[PDB]
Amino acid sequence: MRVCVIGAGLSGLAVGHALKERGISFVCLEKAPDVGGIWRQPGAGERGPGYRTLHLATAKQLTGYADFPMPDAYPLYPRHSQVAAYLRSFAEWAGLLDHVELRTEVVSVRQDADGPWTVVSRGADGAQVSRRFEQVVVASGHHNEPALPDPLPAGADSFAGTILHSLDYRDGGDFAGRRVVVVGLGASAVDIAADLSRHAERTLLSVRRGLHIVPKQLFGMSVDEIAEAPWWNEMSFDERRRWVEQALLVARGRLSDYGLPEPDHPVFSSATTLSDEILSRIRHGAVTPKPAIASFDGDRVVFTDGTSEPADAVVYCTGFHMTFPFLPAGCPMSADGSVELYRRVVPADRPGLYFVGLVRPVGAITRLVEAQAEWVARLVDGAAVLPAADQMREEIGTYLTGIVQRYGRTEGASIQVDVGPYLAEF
């Protein structure tokens, strides 16, 4: 009655925990058959951003809910199945499933002239129902629409094999004894390459720009555990930038020595894929570096340096787009399309709406959504207030004009945050 929470991933869950602790009535509508978000999908063969080999890249203690520790036998990087089974164990403990409508997908959301909102949801019977609520929190994710390159390289329609996106990938056992291209240097790209490097007769990583490849451990310490140590927070922003450069060199060496393009920017300048595996697959011959796909010649793939190779599939690890279709009116958007959310959560012109988890931090997202949830729980029953709308559009203007001095102009920088100072204001 009081709050519709869209989505039962890691964030929607932290939301209900906040509202329930406080006394607010709410429901959680999710389209999937259970709770968990993306972490439910590969353990169930469902089409999604993940794959049957995915693990956490962040330390378990820094990633679990601070009131519900993970099972002590979990390793530092649990498998996607361990994670999903843990997220349902919180919903059971914290007391929330009676509020959760599974297999119920939200289709429409519109603000009514008098203040409440009208949510239309389609369920399992493929049918429809309209409802009214006081407030609404969006917790749907930002990895839902895949971003293919525009355009495809010439001749893609006369290709012998299949062309697919990382969202369609599950296991390489489906590419056993075939020959595959992987497009991208992202988090999914190196993971799927390394998986295909043990099933396909031959795997190739096509790359157009260089990113800094970093292992998930320096001095036995996870990269995000290093982040919290005080001697790291003791160093300056140029001291630690080099501390890292020196260490990387000792651990892996230089990237052009593996056949890979040098990034055109120092560390922290928008580039870090984490992987314990990808370089060693290259030094073992299991994956071969290529330079950008230029045309589809029949059953072969022509690249930009003139080389060519027989291939039966191309898996595109090119990322995702941020879309909210149940919001007829466009979601937090500006002119150039930068996100405009006061403190990365609240719209300025739409009382009663909130977005949780639309933030990209360095490391675990959890303590960030926890603060977002706890604050929003006090803005719903009045224990918390907001600035006037003008004064709110100024904080946003300050956040944006200042993030161009760090990543310059691009597309997904508008939700980039520093875990340290962000959580200090909650």
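Counting begins at 1, following the sequence as shown.
> If you average the Cα B factors in the entry, which is higher, 227 to 235 or 272 to 280?
According to the entry, 227 to 235 carries the higher average C-alpha B-factor.
> Averaged over C-alpha atoms, is the B-factor higher for 394 to 402 or for 379 to 387 in this PDB entry?
Higher mean C-alpha B-factor: 394 to 402.
> Looking at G259, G184, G95, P151, which has the highest CA B-factor as recorded?
Result of the comparison over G259, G184, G95, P151: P151.
> Would you mind finding, among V138, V339, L76, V315, the residue with the largest C-alpha temperature factor in the entry?
The record points to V339.
> Please place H80 in the lowest, middle or highest third of its chain according to the CA B-factor in the PDB entry.
Bottom third by C-alpha B-factor.
> Going by the recorded CA B-factors, say which third of the chain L423 sits in, lowest, middle or highest.
Tercile = highest for this residue's CA B-factor.
> By the recorded C-alpha temperature factor, relative to the other modelled residues in its chain, which third is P69 in?
Lowest third - that is where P69 ends up once the chain's C-alpha B-factors are sorted.
> Going by what the PDB entry lists, where does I192 fall on CA B-factor within its chain: lowest, middle or highest third?
Lowest third.
> Can you tell me whether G357 has a C-alpha B-factor in the lowest, middle or highest third compared with the other modelled residues of the same chain?
According to the entry, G357 has a C-alpha B-factor in the chain's lowest third.
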